[PDB]
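Take a look at this single chain in structure tokens; it is the form deposited without the named molecule.
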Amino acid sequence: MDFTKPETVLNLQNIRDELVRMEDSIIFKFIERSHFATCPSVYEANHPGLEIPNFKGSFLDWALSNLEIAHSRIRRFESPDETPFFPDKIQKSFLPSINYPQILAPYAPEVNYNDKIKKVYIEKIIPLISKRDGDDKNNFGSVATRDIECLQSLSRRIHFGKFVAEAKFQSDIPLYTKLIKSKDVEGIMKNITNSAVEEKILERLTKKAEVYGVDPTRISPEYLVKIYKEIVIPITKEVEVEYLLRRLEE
């Protein structure tokens, strides 16, 4: 895919390849984060000892918002595949802007599920992948930086549902128009679900978990499957139906 050549983007085979490559990215990052304890103090707002001068929020929030401000200055969020966790904080680039042709509907930047993602990550994913419960006082920064890597990968994968939805829309405008016009969510869901393909994904995930990071001479497959089945796939679909419901300007 080349975000300056629209045809490489709305191409369904290029989309599968990118989704499959993100699958590995996400698995590698979960393995990196699994080496550390849960570190509850990292996600708690204004924790004594991890309190940042003139900042209201958690240790995780400071590290992530600061990273976004720096990257926004170098054009990160000008790209259609990048959605920010702190939309109010991002700056304008100090480098010549890349001219990205409009590929998605105009309101695309407004379809943003990062709050929900950050939330389920902390409340549901951390507890399954961490090595143990409790704070590891000497690894708060190691943890936060690994968390940022996991969040940015999940975010890109989940919001990639926008390109999936646009490809589908364009391939059958008459059908989608009627579904959108009558706001038939059940009809849309049924058209964006291929149960056969979803089983296949889960089966491949189980086999990757079995070999990845395992010394040939780290993460439970059951949990990897639970995460994709209960969190990743379902939220990707929410992004797709919301993108679609507003497709005829909204």
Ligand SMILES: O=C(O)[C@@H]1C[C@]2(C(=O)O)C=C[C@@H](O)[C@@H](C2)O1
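Note that residue numbering follows the sequence shown and begins at 1.
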query: Chain break class for residue 54 to residue 55, judged by how many deposited residues have no coordinates; finding: none
query: Mean temperature factor over C-alpha atoms, higher-scoring stretch between 162 to 170 and 128 to 136; finding: 128 to 136
query: Mean temperature factor over C-alpha atoms, higher-scoring stretch between 92 to 100 and 105 to 113; finding: 92 to 100
query: Selection by C-alpha B-factor (highest) of 194, 65, 182, 58; finding: 182
query: Relative C-alpha B-factor of residue 212, binned into the chain's lowest, middle or highest third; finding: highest
query: Residue 239 - Cα temperature factor, lowest/middle/highest third of chain; finding: lowest
query: Among modelled residues of the same chain, the CA temperature factor third for residue 233; finding: lowest
query: Residue 50, C-alpha B-factor rank within chain (lowest, middle or highest third); finding: highest
query: Chain-wide C-alpha B factor ranking for residue 205, given as lowest, middle or highest third; finding: middle
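What comes next is about the form solved in complex with the named molecule, which is not displayed.
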item: Steric status of site, the named molecule superimposed as seen in the deposited complex, threshold 2.4 angstroms to backbone or C-beta; value: open
item: Answer range among 194 to 202, 24 to 32, 179 to 187, 208 to 216 for contact with the named molecule, defined in the deposited complex as heavy atoms within 4.5 Å; value: 194 to 202
item: 4.5 angstroms heavy atom contact with the named molecule in the deposited complex for residue 241; value: no
item: Contact test in the deposited complex: residue 157 vs the named molecule, heavy atoms, 4.5 Å; value: yes
item: Residue contact check: residue 10 to the named molecule in the deposited complex, 4.5 Å heavy atom; value: no
item: Residue 164: touches the named molecule in the deposited complex, heavy atom cutoff 4.5 angstroms; value: yes
item: Residues within 4.5 Å of the named molecule in the deposited complex, restricted to 229 to 248 and counted by heavy atom; value: 233, 236, 237, 240
